[PDB]
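Student: One structure coming up, written as structure tokens, with questions to follow.
Bear in mind that the values in this text are calculations on the coordinates, not laboratory data. Positions of Cβ are generated from backbone atoms using ideal geometry, with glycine treated the same way; all protein chains shown enter the neighbour counts.
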Protein chains: 2
Amino acid sequence: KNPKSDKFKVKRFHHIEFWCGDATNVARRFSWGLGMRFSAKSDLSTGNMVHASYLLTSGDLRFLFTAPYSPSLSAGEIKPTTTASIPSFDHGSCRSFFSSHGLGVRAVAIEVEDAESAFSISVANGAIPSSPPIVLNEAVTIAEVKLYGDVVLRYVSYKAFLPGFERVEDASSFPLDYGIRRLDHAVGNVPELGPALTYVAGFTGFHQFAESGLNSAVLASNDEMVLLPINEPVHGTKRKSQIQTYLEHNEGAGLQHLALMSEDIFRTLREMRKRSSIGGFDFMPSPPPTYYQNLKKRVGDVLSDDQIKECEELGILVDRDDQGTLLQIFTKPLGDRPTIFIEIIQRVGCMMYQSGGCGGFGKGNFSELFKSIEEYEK
Amino acid sequence: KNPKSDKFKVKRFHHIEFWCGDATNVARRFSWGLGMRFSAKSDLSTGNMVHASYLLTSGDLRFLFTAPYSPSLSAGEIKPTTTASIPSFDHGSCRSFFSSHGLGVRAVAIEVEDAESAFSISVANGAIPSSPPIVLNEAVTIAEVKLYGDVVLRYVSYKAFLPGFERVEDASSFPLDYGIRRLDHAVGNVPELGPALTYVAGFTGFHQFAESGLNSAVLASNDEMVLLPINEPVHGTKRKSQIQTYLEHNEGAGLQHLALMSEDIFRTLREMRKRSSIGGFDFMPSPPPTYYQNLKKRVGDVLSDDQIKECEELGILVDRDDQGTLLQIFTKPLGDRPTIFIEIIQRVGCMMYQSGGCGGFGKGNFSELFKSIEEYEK
Ligand SMILES: CCC[S@@](=O)c1c(C(F)(F)F)ccc(C(=O)Nc2nnc(C)o2)c1F
Ligand SMILES: CCC[S@@](=O)c1c(C(F)(F)F)ccc(C(=O)Nc2nnc(C)o2)c1F
Ligand SMILES: [Co+2]
Ligand SMILES: [Co+2]
């Protein structure tokens, strides 16, 4: 059931912002590793004396990487005279975030009809304010509220990337593309799922979409294209909860993984794996061949034996709903700490356009992986 | 003249350590961009709860990238019980360095005969101590003194990379190589050259090796293989001193550039330029064709017309001593700030092995570049 109780009009995921120590090196690494174009910049060369911000795009997916300059460069500025292109930015908040959490996601940004309204209604409904609505060049409105930990949910609305960003000069912009097209979901880890759900569902109106080490639940907008899973750990097992491991290494709640939809997960994974050891991303260990011997009995009617064999060479996981089928794979952590990672996903089914969440999120793969592991010991 | 006044026995440049916010992403970017292998690691997977350190190598060139974990992971440790593989490391010093300077070089490390002795003699001769001699696994001794700004000169000596580092698993270690072989020199920028020279020459015994915006001087070890240029700005010009621009953006003195010797600067630059826009390094703008039309009259006896044309397609600079000839080129800044950059260099002449500094450091290229610029306006 979908009660469609959004308290404001939400469109789609708009971008994800990483707070970095050096935005240049993270952005260049992510560009090569994921096949994302350099699309826009805001830095010293555009008059920004506050922060260096670089935007990567792939289809509708937008990754923003931001780091602070020396405060001395903008010491004479005040907020009314700021050269920062993102007015919520703050040297102290950014340095504190990164020193506390390491590299990771500061902002999950969704495009809304009216960011000022979305902010007001959110706050009137319990949201903790983080940065008030600010109108940029009479064209774009941006506002922020707290989501969990030091992660903010950012509202952006357009009358018509951001004012103050310049499009990147073609020579600097190499048209890489490995098939990734949009953000499918963004998953938070928190110490207690209950109050996190109540808080976020409280101020958005998002509805519940619906051995492990976790409990979770998914909040979703009216059309279920903005999907916001939240995990909590389950304590006292045999293998320690990776949710609890995250909270310890991350110094508290934060974003656990971004799942990126590919229009062709086989080409994406071929392209990403060729680059794993030459600056790109590493993938988690492949499941045993028992896992793939068991795929015929589960998805033999959705995927041919050749497509199943192709999942096997690439290390791809498969799970299935009552409504659809899902291909997924997981990278190793994106940075030094065992915290944030990326998932590549592709959904087959639920044609009407494709409805969101088609096939679920792979929860069946926990049981399926364990049961392939001990039966591969054989 | 070379008075050979080293106060302790110095062998060679041993490594360069970058202090980072996230060591993983900087190291992976540098690996792809410069063609350096992943060679060794010390992090959580090796029992290091203090810092993440990754070593890249190319020939004798060793780049170390280090970032701090959350202090909470090692809160119960004391220095006698530390899991850090580099005992001089300190969370607070590292966070402070990076937040003040951004990405850059913390340590210029030279291999010496006896790091304890080198430390004692250095300190007895005016060096400001930074980290005392520490013996690692009865095998390697490491010690540090202040060089300029927050950069340390690090002494390492071996009885026989470091204890506690593990060699990197072959699958993770892709044998990239674009021809770079060793560190040729490491250049500091300071506000006042005089006291910096006197200080460093004071405690090492290093001798002076011998429009711009700078004044400089080069300190060198007995065999002139450790070359340590230092710049100061020249104030009140027309173009503002790039040395002064460095000090402002770097928040004070620091390392300006590392010059990396290539055994084949043409292949290196071909390989580096193919990767500039796909995660690698950008190069400064090429000199005008007038610069290359003037190369025949200057180096026509060292380089053929085809080799000169090859310098022209790649953007390579050429200068010449009385003793030798030098090919050089400069990258754009390595990170967000207009501070540290890299130089690729290759020397022809001075055969005895090649003597250090053969051909100089390209000081003639300042005059030659200006004079090609206005004559290219033509
Ligand atoms: C160690 C890294 C892999 S992991 O822990 C993992 C597995 C498996 F690998 F266990 F199969 C299967 C599915 C997911 C996932 O994306 N869940 C998820 N997303 N959104 C919701 C809601 O729920 C996942 F994170
Ligand atoms: C804007 C970046 C290029 S720059 O300022 C530059 C040029 C030129 F580009 F002006 F020719 C020529 C030579 C050098 C150099 O390496 N000097 C240098 N090394 N060691 C010593 C001593 O002295 C240099 F840094
Ligand atoms: Co997921
Ligand atoms: Co140089």
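Student: Considering the dipole of region B:67-127 built from charges on the beta carbon (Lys and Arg +1, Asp and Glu -1) around the Cα centre, which of B:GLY102, B:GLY76, B:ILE121 is farthest to its positive end?
Tutor: Result: B:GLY102.
Student: Using amide H atoms built in the peptide plane, which far-off residues or other-chain residues are under 5 Å from B:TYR69 H to H?
Tutor: Counting only residues 5 or more places away or on other chains, the set is B:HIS51, B:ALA52.
Student: What is region B:1-85 by shape, rounded, prolate or oblate, if you read a ≥ b ≥ c off the alpha carbon gyration tensor as root eigenvalues and call it rounded for a/c under 1.5, prolate for a/b larger than b/c, and oblate otherwise?
Tutor: oblate
Student: Would you kindly work out, in nm and rounded to one decimal, the distances from the label point of A:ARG298 to those of the same position in each other copy, ordered shortest first, with label points 7 Å along Cα-to-Cβ?
Tutor: 6.7
Student: About the Cα centre, and with charges only on the beta carbon of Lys, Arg (+1) and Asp, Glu (-1), how big is the dipole of the protein assembly as shown? Nearest 20 debye, please.
Tutor: Dipole about the Cα centre, nearest 20: 40 debye.
Student: To make sure I understand the rule: partners must be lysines, Cα under 20 Å from the Cα of B:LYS371, and not fewer than 8 residues away in the same chain. Which ones qualify?
Tutor: Correct list for B:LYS371: B:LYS238, B:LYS240, B:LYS296, B:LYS297, B:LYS309, B:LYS363.
Student: Taking neighbour Cβ counts within 10 Å as the exposure measure, how do A:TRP32, B:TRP19 sort from fewest upward?
Tutor: Arranged by neighbour count, lowest to highest, A:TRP32, B:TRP19 become A:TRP32, B:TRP19.
Student: Specify whether the C-alpha gyration tensor of the protein assembly as shown places it in the rounded, prolate or oblate class, a ≥ b ≥ c being the square roots of the eigenvalues: rounded for a/c under 1.5, otherwise prolate if a/b is larger than b/c and oblate if not.
Tutor: Verdict is prolate for the protein assembly as shown.
Student: Would you mind ranking A:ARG106, A:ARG28 by Cβ crowding within 10 Å, fewest neighbours first?
Tutor: With the fewest neighbours first, A:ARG106, A:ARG28 line up as A:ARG106, A:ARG28.
Student: Let me ask something else. Using only Cα atoms, locate the centre of region B:160-223 and the centre of region A:257-300, then give the distance between them in Å, rounded to an integer.
Tutor: Here the two parts' Cα centres lie 42 Å apart.
Student: Please grab the % of Cα pairs in region B:10-172 that end up more than 18 Å from each other.
Tutor: 59
Student: I want the local charge near A:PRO87. Using Cβ-Cβ distances under 11 Å, sum +1 for each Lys or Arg and -1 for each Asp or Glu among the other residues.
Tutor: Taking every Cβ under 11 Å from that of A:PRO87, the sum is -1.
Student: Still on this structure, I have one more. Rounded, prolate or oblate: which fits region B:186-261 when a ≥ b ≥ c are the square roots of the eigenvalues of the alpha-carbon gyration tensor, with rounded for a/c under 1.5 and prolate only if a/b beats b/c?
Tutor: prolate
Student: For region A:180-377, what proportion of DSSP beta bridges, expressed in % and rounded to the nearest 5, is antiparallel?
Tutor: Close to 80 percent.
Student: Determine the calculated [θ] at 222 nm for chain A from helices alone, applying -39500 (n - 2.57) to every DSSP H run no shorter than 4 residues and normalising by the residue count; nearest 500 deg cm²/dmol.
Tutor: -7500 deg cm²/dmol
Student: Once you list every other residue whose beta carbon is under 14 Å from the beta carbon of A:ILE373, what net charge do they have if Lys and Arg are +1 and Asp and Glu are -1?
Tutor: Charge balance in the 14 Å sphere: -1.
Student: Which residue in chain B puts its Cβ closest to the axis that rotates chain B onto chain A, and at what distance in whole Å?
Tutor: Closest to the rotation axis on chain B: B:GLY21, 1.
Student: Counting only DSSP beta bridges with both residues in chain A, what percent are antiparallel, rounded to the nearest 5?
Tutor: 80
Student: No partner Cβ under 4.7 angstrom, meaning no disulfide-compatible partner by this rule: which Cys of the protein assembly as shown qualify?
Tutor: A:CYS20, A:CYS94, A:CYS311, B:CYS20, B:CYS94, B:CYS311
Student: Okay, next question. Please work out, to two decimal places, the log10 of the ratio I(q)/I(0) at q = 0.08, 0.13 Å⁻¹ from a Debye calculation in which every Cα of chain A carries one identical scatterer.
Tutor: -0.41, -1.11
Student: Would you work out the charge dipole size for chain A about its Cα centre, treating the Cβ of every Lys and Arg as +1 and the Cβ of every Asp and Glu as -1, and quote it to the nearest 20 debye?
Tutor: 160
Student: Quick one: how many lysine pairs in region B:1-143 have C-alpha atoms under 28 angstrom apart, if they're 8 or more apart or on different chains?
Tutor: 4
Student: What does the average come to when, for each residue of peptide A:93-100, you count the partner chain Cβ atoms lying within 10 Å of its Cβ?
Tutor: Whole-number average of other-chain Cβ neighbours for A:93-100 is 3.
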